[PDB]
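# Structure assessment
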Protein chains: 2
Amino acid sequence: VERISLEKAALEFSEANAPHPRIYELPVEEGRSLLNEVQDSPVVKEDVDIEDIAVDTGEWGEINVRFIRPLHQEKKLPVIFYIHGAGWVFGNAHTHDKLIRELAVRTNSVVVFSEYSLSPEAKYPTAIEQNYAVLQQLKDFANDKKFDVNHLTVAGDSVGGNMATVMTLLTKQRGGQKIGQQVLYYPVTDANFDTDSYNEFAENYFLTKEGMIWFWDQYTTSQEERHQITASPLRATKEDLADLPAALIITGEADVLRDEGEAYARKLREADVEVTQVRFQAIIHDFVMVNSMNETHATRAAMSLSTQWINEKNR
Amino acid sequence: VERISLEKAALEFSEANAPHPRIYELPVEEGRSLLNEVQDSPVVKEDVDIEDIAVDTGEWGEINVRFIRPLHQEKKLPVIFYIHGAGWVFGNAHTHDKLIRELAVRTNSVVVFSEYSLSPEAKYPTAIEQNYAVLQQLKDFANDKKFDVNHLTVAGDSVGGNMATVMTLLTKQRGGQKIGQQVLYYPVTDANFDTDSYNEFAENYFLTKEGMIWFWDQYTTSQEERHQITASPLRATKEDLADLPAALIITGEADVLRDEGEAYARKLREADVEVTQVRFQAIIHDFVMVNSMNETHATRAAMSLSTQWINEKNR
Ligand SMILES: [Cl-]
């Protein structure tokens, strides 16, 4: 099979995910299991205290929220609100465990991780409403969980990066809990399947054009919903994006979502938002989450850049 | 006229250098003055101990070699050999002052900065042999200057990056002083003017196609010499590149040199060399050196990544 230059682990993850049936061609409960089994593979995880709290989002129901804290910290820590990815269909505290532990320890922060309702059982805009409601209840936990809600970062990977930047939109529109800055790992920004990266990396790079069409189909099949800026933030006007929190936007070269991530970065920059946009060569979608890609140069450099950038923000 | 999305400081520096005559249309002496003047503009510089030594390169004559040291450091520090850019025609310890002080402090390293002979007065291969000569003498200054030669990083910007990576090939060919790793900021890697980035960014982004044609003409007009892997390292075979030191290669989006930098990273990775390749969006050539670009998101992210990458190496 013909591919561009990739890190060994990215090539191996691409080859391992080429055979049919792929993850998005399984009954959604078997897909969810397969990602869990993928994320059982060997990795060194930083050390944290974990607390699972049921949080009531009101109209949008009760979800588990996981609170993660580095060991032996007496002081009031900054807080990171982390929204997981994996296509609105998969993922949980276990799939993203290595990533959020690394963020907690290297930024010396509490990580708050919403287990939002998954598609297709939950449709747009349930996940974004539940995530926005948890953000409004962070002040309610700030004292018992020893974090400072005035040192607030929102972050997410893929579909989670989509909802993370959408948290900044909803907050500006509804005057909610101030967000200092946002970190989007290889986000979804648009329900369009015709960008040059979508065309070039359509097949053979683990995340496929066909799979992304399916993920959007699980989230909502309404064109009117997909055109809302809280589904496709790439569609935001200059006036919509003005005064949003400072953003770090990380892309990989061999990713269908590369161009829409880089395009969204240019739109924020044109709206005078502070933007740090970096593309890592020779790497595929999902590289800061997947355990087997934990050692890639892209992963090591992405985590060094992201943790440092947040550390600089908090002080 | 019109440019892709750029950071404010990159746009301003592009416009300032739009009108004729440009720096490469001046006599070489006014060229050198213009760049010295540009680097008089105000910027925060870290504090350091500085020391100008004459070093004898044998055949290629005696050159000034600057040692930079972070204040109040009672240990043997790691060392970085830094080869400056600016087209082989310009640059000196003044033009690169801000950058080498930041590298010294944030890596807690001595910075050894060879003031190699400039072109056209000197031709290929003088500058690379002088730089190579100083490398083999580092073990001899190691004690007065308290550094450990077994924690040796070579680094360079643009033609400095060219000559830095060429130091690693000469070292391998000759059994010279072992280099741990190499940092290339937007390197020159090939005497070809026909890459997609050369065409797209040929004009309006400060560094022009015509500018690079002239810089190469000052260095050597010989097509035979340009085909040499010690002039155009992109032309190296897999066998030439095998076992070279671990590489960090940084590129800017809005840079004629972007593609040949990215292409050289692929060739190193295909030769099983450890490569960290990162492209920063919306930034022009020279962004880690030029004082007026010191606060760009690109410059801050490139300094944070490259300094942490070097620190992790020195363990
Ligand atoms: Cl299918």
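Residues numbered from 1 in each chain as written, not as in the entry; some residues may be left out. Chains lettered and ligands numbered in written order. Heavy atoms only, no water.

X-ray crystallography is the method the PDB entry states for this structure, with the resolution given as 2.000 Å.

Looking only at helices and strands, one finds twelve helices and eight strands in chain A. What you see for chain A is a C-alpha radius of gyration of 18 Å, in line with the 20 Å of a compact globule of 315 residues. Counting only C-alpha atoms and orienting by the principal axes, one finds that chain A spans roughly 55 × 45 × 35 Å. Counting over 315 residues, chain A shows a buried share of 64%. Counting contacts in chain A only where the partners sit at least 6 residues apart, residues at least 24 apart contribute 77% of the total. (Helix = DSSP H or I, 4+ residues; strand = E, 2+ residues; numbered from the N terminus. Rg over C-alpha atoms; globule rule 2.2 N^0.38 Å. Buried < 20%, exposed > 50% of the residue type's maximum accessible area, 1.4 Å probe, protein only. Contact = heavy atoms within 4.5 Å.)

With that settled, consider the layout of surface pockets. In this structure, the largest pocket occupies an estimated 580 Å³ of space. Lining the largest pocket are 24 residues, with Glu-312 of chain A together with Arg-106, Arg-300, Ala-301 and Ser-304 of chain B positioned closest to its centre. Listed by contribution, the elements that provide at least two residues to the lining of the largest pocket are strand 7 (246–254), strand 8 (275–284) and helix 12 (297–313) of chain A together with helix 3 (97–107) and helix 11 (297–313) of chain B. Here the lining of the largest pocket gets six residues from one element, more than from any other, and that element is helix 12 of chain A. (1 Å grid on protein atoms, 1.4 Å probe; cavity = no way out; pocket = protein on both sides within 12 Å on 5 of 7 lines; lining within 4 Å. Points joined across faces, edges and corners; volume = space filled by probe spheres on them.)

Our next topic: the relation of the copies chain B and chain A. Structural alignment of chain B on chain A gives an RMSD of 0.2 Å, achieved by rotating through 180° and translating 0.1 Å along the axis. This pairing of chains is accounted for by a two-fold axis. A high fraction, 100%, of the interface residues of chain B reappear at the interface in chain A, so the copies pair face to face through one surface. (Least-squares fit on C-alpha atoms.)

Residue and element names in this part refer to chain A. Relative to the helices and strands, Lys-98 resides in helix 3 (residues 97–106). Although buried, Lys-98 forms no salt bridge, and the nearest oppositely charged side chain, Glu-102, lies 4.3 Å from it. Within the local environment of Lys-98, its side chain forms a polar contact with the backbone oxygen of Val-288, the two atoms lying 2.9 Å apart. When residues no more than four places from it in sequence are discounted, the contact partners of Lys-98 are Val-43, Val-44, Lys-45, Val-288, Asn-291, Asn-294, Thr-299 and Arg-300. (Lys, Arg positive; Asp, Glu negative; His and termini not counted. Salt bridge = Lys/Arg side-chain N within 4 Å of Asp/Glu carboxyl O. Polar contact = N/O pair within 3.5 Å; in protein donor to acceptor, adjacent residues only side chain to side chain.)

The next point concerns the packing of aromatic side chains. Residue and element names in this part refer to chain A. Scanning all chains against the criterion turns up 27 aromatic pairs over all chains. Both rings, one in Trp-88 and one in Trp-216, keep their centres 4.9 Å apart while their planes meet at 70°; by these two values the pair is edge-to-face. Of this pair, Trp-88 sits in the loop between strand 3 (77–83) and helix 3 while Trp-216 sits in helix 8 (residues 209–219); the two residues are 128 residues apart in sequence, bridging distant segments of the chain. Overall, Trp-88 belongs to the buried group, its relative accessible area being 1%. Three or more aromatic residues joined by ring pairs make a cluster, and in this case those are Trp-88, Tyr-124, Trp-216 and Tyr-219. The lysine or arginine in question, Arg-174, covers the ring of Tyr-132, its NZ or CZ lying 5.0 Å from the ring centre. (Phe/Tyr/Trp six-rings, centres within 6.5 Å; stacked < 30°, edge-to-face > 60°. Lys NZ or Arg CZ within 6 Å of the ring centre and 35° of its normal.)

This part covers helix 3 of chain B. Residue and element names in this part refer to chain B. Within helix 3, nine of the eleven residues are buried, which leaves it mostly tucked inside the rest of the structure. The complete set of buried residues in helix 3 reads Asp-97, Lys-98, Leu-99, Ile-100, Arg-101, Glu-102, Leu-103, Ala-104 and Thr-107. Next to the buried residues of helix 3 lie strand 1 (49–56), strand 2 (62–69), strand 3 (77–83), strand 4 (110–114), strand 6 (181–185) and helix 11. Just past helix 3, the residue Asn-108 takes up positive phi, approximately 50°.

Close approach of charged atoms allows side chains with opposite charge to pair. All names here are of chain A. For the coordinates displayed, the defined rule picks out 32 salt bridges over all chains. Where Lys-45 meets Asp-97, a salt bridge forms, and the shortest distance between an N and an O atom there is 2.7 Å. Within this pair, whereas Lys-45 is found in the loop between helix 2 (28–38) and strand 1 (48–56), its partner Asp-97 is found in helix 3, the two being separated by 52 residues in sequence. The class of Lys-45 is partly exposed, set by a relative accessible area of 30%.

Formed by 219 residues in total, the largest nonpolar core has its most connected members in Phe-280 of chain A together with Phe-280 of chain B. If sequence neighbours within four positions are ignored, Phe-280 of chain A has contacts with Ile-250, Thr-251, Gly-252, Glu-253, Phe-287, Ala-298, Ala-301, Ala-302 and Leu-305 of chain A together with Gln-277 and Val-278 of chain B. (Core = buried A, V, L, I, M, F, W, Y, C linked by side-chain atoms within 4.5 Å.)

This part covers the interface of chain B and chain A. Contact with chain B, which involves 25 residues of that partner, is made by 25 residues of chain A. One can count two salt bridges joining chain B with chain A. When contributions to the side of chain B that touches chain A are tallied by element, the ones reaching two or more residues are helix 10 (258–270), strand 8 (275–284) and helix 11 of chain B. Of all the elements, strand 8 of chain B adds the most residues to the side of chain B that touches chain A, at eight residues.

Once that is clear, we can look at the packing of helix 4 (residues 126–141) of chain B against helix 5 (residues 159–174) of chain B. Residues and elements named next belong to chain B. Across the interface, helix 4 lies against helix 5 with an axial gap of 10 Å and an inter-helix angle of 65°. The interaxial crossing formed by helix 4 with helix 5 has right-handed handedness. Residue-level contacts link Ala-127, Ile-128, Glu-129, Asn-131, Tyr-132 and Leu-135 of helix 4 to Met-163, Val-166, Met-167, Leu-170, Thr-171 and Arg-174 of helix 5. Partitioning the contact of helix 4 with helix 5 into residue classes produces eight nonpolar, two polar and two charged. (Axes fitted to C-alpha atoms, helices over the stretch in contact; angles between N-to-C directions. Left-handed = near helix turned anticlockwise from the far one by under 90°. Nonpolar A, V, L, I, M, F, W, Y, C, P; charged D, E, K, R; others polar.)

Residues and elements named next belong to chain B. Residue placement: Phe-206 occurs in the loop between helix 6 (196–200) and helix 7 (209–219). A relative accessible area of 17% means that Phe-206 is categorised as buried. In sequence terms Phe-206 and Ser-14 are 192 residues apart; their C-alpha atoms lie 4.5 Å from each other. Residue contacts for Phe-206: discarding those within four places in its chain leaves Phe-13, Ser-14, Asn-17, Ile-284, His-285 and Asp-286.

To continue, consider helix 11 of chain B. Over its 17 residues, helix 11 of chain B extends 24 Å from the first C-alpha to the last, a length consistent with the 24 Å expected when each residue adds 1.5 Å. Within helix 11 of chain B, 13 of the 17 residues are buried, which leaves the element mostly enclosed by the surrounding structure. (Expected span 1.5 Å × (residues − 1).)

Here the residue pair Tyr-124 of chain A and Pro-125 of chain A is connected by a cis peptide bond, since its omega of 0° sits within 30 degrees of zero. Relative to the helices and strands, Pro-125 of chain A resides in the loop between strand 4 (110–114) and helix 4 (126–136). One non-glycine residue, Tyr-186 of chain B, lies in positive phi territory at about 40°. As for its position among the elements, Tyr-186 of chain B is in the loop between strand 6 and helix 6.

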